[PDB]
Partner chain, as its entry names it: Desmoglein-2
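What follows is one chain in structure tokens, specifically the form solved without the partner chain.
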């Protein structure tokens, strides 16, 4: 009440909390993720703020894709060692994460009834698509394709729920040139899914 209806990363973390590129090193961006319980659905709200030079310089290429993989255990806790996001989610505490135990965490998860694992005849049901935007140096909006796959494919036995968010573009010519590129920020993408029961 009402803070326990949100599970999130908090706002603008002081350091990179996410490793999106497998070639990184170490955390290479800030993943901002907010999940809000909305009746039978979750309202999910996600974007990235680039930190590493290699990540930011993706905007100099015409053909790119990168994926944040989020894996959760049987009670709705982020598995940080397996996931792109390396800091656990918690509830709302002002502009930050709370620090205690989670209330009803499993109820934030993508339902396995709506989004099954390993069922080929139903695999189309596991997908979400939309569009977000990169604000370019000339302040035009560069469209970025976003896809989300819910559950479908488990990494291993520990991972009871999965959210995989893939940003991509394939264009005639690129957001930015070497000297104009600054930070790869995506506009927030909001998507909805049927939630697992508490």
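Positions refer to the first chain, counted from 1.
Another form exists, deposited with the partner chain bound; not displayed. Remarks below refer to it.
### Listed residue that, although the partner chain is not shown, lies within 4.5 Å of it in the entry with it bound (heavy atoms), from 170, 53, 157, 26
Result of the distance check: 170.
### Task
Answer with yes or no whether residue 162 is in contact with the partner chain in the entry with it bound, where contact means some heavy atom within 4.5 Å.
No - in the entry with it bound, heavy atoms of residue 162 and the partner chain never come within 4.5 Å of each other.
### Task
Please run the contact check for residue 58 against the partner chain in the entry with it bound: heavy atoms, 4.5 angstroms, yes or no?
Residue 58 belongs to the contact set for the partner chain.
### Query
Hey, with the partner chain in the entry with it bound, do 15, 72 and 88 all fall inside the 4.5 Å heavy atom range?
So, no: the whole triplet misses the partner chain.
### Message
At 4.5 Å, heavy atom to heavy atom, what parts of 44-78 sit next to the partner chain in the entry with it bound? List them in sequence order, or say none.
### Response
If the 4.5 Å heavy-atom criterion is applied to the partner chain in the entry with it bound, 44-78 yields 57, 58, 61, 63, 64, 65, 66.
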